[PDB]
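Just the one chain here, the form deposited in one PDB entry, laid out as structure tokens.
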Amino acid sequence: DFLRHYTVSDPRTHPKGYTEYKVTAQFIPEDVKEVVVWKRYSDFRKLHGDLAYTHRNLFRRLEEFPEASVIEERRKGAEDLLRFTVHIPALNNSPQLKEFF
């Protein structure tokens, strides 16, 4: 099953216009099997939306007794988004995260 790590880096400009981000999903001992894809911020928005709806899902019972440096911030944002899904079973085993890769 390994352990999951994530790194979003290396922003490249596509000939069509939009910038692309390199997404690295590391499966780690100290030897790692890596899975690399390329995504744009729109896909990150979609994933964020799906996860955010998946997230904040709790409580169903009671108790009772009786200078285009914005791509850097986008990079770090997507990175935080991916890293936030590590220690939550609902997000880590989410089908949207698996279809994402």
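Start at 1 and count along the sequence shown; that's the residue number. Only residues modelled in both forms are compared. Here the rigid core means the biggest group of C-alpha atoms that line up within 1.5 Å when the two forms are laid on top of each other.
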Where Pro66 meets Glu67 in the shown sequence, the number of deposited residues left unmodelled | 10 or more
Deposited residues omitted from coordinates between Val36 and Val37, as a class = none
Could you settle it for me: does 51 to 59 or 72 to 80 have the higher average Cα B factor in the PDB entry?
-> 51 to 59
Rank-wise, by C-alpha B-factor, drop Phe2 into the lowest, middle or highest third of its chain.
-> highest
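Only in words, not in the display: the form deposited in another entry, which the text now covers.
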Taking the rigid core as reference, does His55 move its C-alpha 2 Å or further between this form and the one not shown?
-> yes
Between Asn57 and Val86, does the Cα distance in that other deposited form come out closer or farther than in this form, changing by 3 Å or more?
-> farther
Versus the form shown, are the CA atoms of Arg60 and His48 closer or farther apart in that other deposited form, given a shift of 3 angstroms or more?
-> closer
Can you list the runs of 3 or more residues whose CA atoms move by 2 Å or more between this form and the one not shown, with the rigid core superposed?
-> 52 to 65
